[PDB]
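Read the single chain below, which is given as structure tokens and is the form deposited in one PDB entry.
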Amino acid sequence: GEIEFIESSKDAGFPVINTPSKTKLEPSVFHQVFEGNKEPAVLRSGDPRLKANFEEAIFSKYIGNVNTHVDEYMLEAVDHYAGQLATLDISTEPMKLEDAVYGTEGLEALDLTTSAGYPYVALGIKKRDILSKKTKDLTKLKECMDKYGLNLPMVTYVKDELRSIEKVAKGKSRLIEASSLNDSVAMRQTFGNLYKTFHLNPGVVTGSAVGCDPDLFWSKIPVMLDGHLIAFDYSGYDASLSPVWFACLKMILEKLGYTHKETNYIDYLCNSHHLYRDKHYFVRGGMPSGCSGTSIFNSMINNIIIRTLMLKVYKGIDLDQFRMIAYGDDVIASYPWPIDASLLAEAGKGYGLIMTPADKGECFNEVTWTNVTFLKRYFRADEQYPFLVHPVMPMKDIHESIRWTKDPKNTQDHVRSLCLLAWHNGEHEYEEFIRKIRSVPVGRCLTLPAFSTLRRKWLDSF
């Protein structure tokens, strides 16, 4: 990804986008009870905690583009991957508006809580001012779409989330893009069926985990990932994607049945126009996280990338025995024979990608079912039912999360959510977590599930 042009918004007639100022994250009643090091990400230039230039830090993910054409390795990779997807019989037919906007199996209704993007954000118009869940009205929507059309600027916001001491100090806050309501809907119509199929088929055929439920999916992963595990990370995956990978995505989407016209939206994602506070800029390359389907498209592209690197380094590799599952930039895969991830990583650097050892490790050490993680969770087979696998979210992360809140009125829901993640760490660990929660008055006012109940429902869910 590369920023090709940036100027002050007023010069082009765009009003300043009034993003927040203060973080919505505040210390929760459990802040003192549990230990933690993370803090809200920097949101403004003057943050006292900064030890670097903020503006410069947040745009540093756009490391540039390796300009190249789709080589022979990418072609074979697309072919093989496309071969897998064909098996799913993905409908390239547009999804009817009501399904694409208000919900259907495989595709949750459009979030009425998030930004409507441009120009609505400048006209004080919210999603709820156009859509209504109980009415499923589409008259105003059709009104707005016809009026403003498609291909509108994206609104760039700084993600208000917890970050490590280092990320805060370096001001490395994440940037998310809010696509215009018009574009979100148009895309959901265009790729709605693809989204649905992916959501209903997490695994090694889609090569995607987007929309999976760790409680159930974890026990299927080891069955799917047969051989020697392969796992590594990316640094700034999204912003590092070069136009070439989008070209690959378009080829694969076309092998699926989509027409050149329908894949034009991929161009919308690749060559974007952004509005960030008082600035407005153009970007070439990079996946604009936040727009419709970016998680699924990041996953699809990752399936092409890894296959591409494997073919380039290991000429003579048999992809038919290769297995992988991606959730955006997070990857976990297997091959019957050992593979040197460091070699793949260097080959990636040649394609403008920054790959590193799984979980910030020293080296591309042996990945095992004991140390491997996916979606930040570890894998631990149940002691009594070996075929059932526990998705283990580190208690450390649970502790970090419970110490803050964006809205105290959601404590009951927040804490219960954490409980659903914590018990997988074992009964002793669970009991301590519960004891400390109850060491605060609010804690004794919450309806917290008992371990034995969590275990029983989990076992019964299969």
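Quick note: we count residues from 1 along the sequence shown, nothing fancier.
- Across the two stretches, 92 to 100 and 150 to 158, the PDB entry reports the greater mean Cα temperature factor for 92 to 100.
- Stretches 76 to 84 and 255 to 263 differ in mean C-alpha B factor, with the higher average recorded for 255 to 263.
- When the C-alpha B-factors of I130, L249, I306, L181 are ranked from the entry, the top spot goes to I130.
- Of the residues listed, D215, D226, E177, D329, the entry assigns the biggest Cα temperature factor to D226.
- Per the PDB record, residue ranking by Cα B-factor puts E55 in the highest third of the chain.
- Annotation for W423: C-alpha temperature factor in the lowest third relative to the rest of the modelled chain, per the entry.
- Sort the modelled residues of the chain by CA B factor and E383 lands in the highest third.
- In the PDB entry, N365 places in the highest third of its chain by CA B-factor.
- Among the modelled residues of its chain, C270 has a C-alpha B-factor that falls in the lowest third, as given in the PDB entry.
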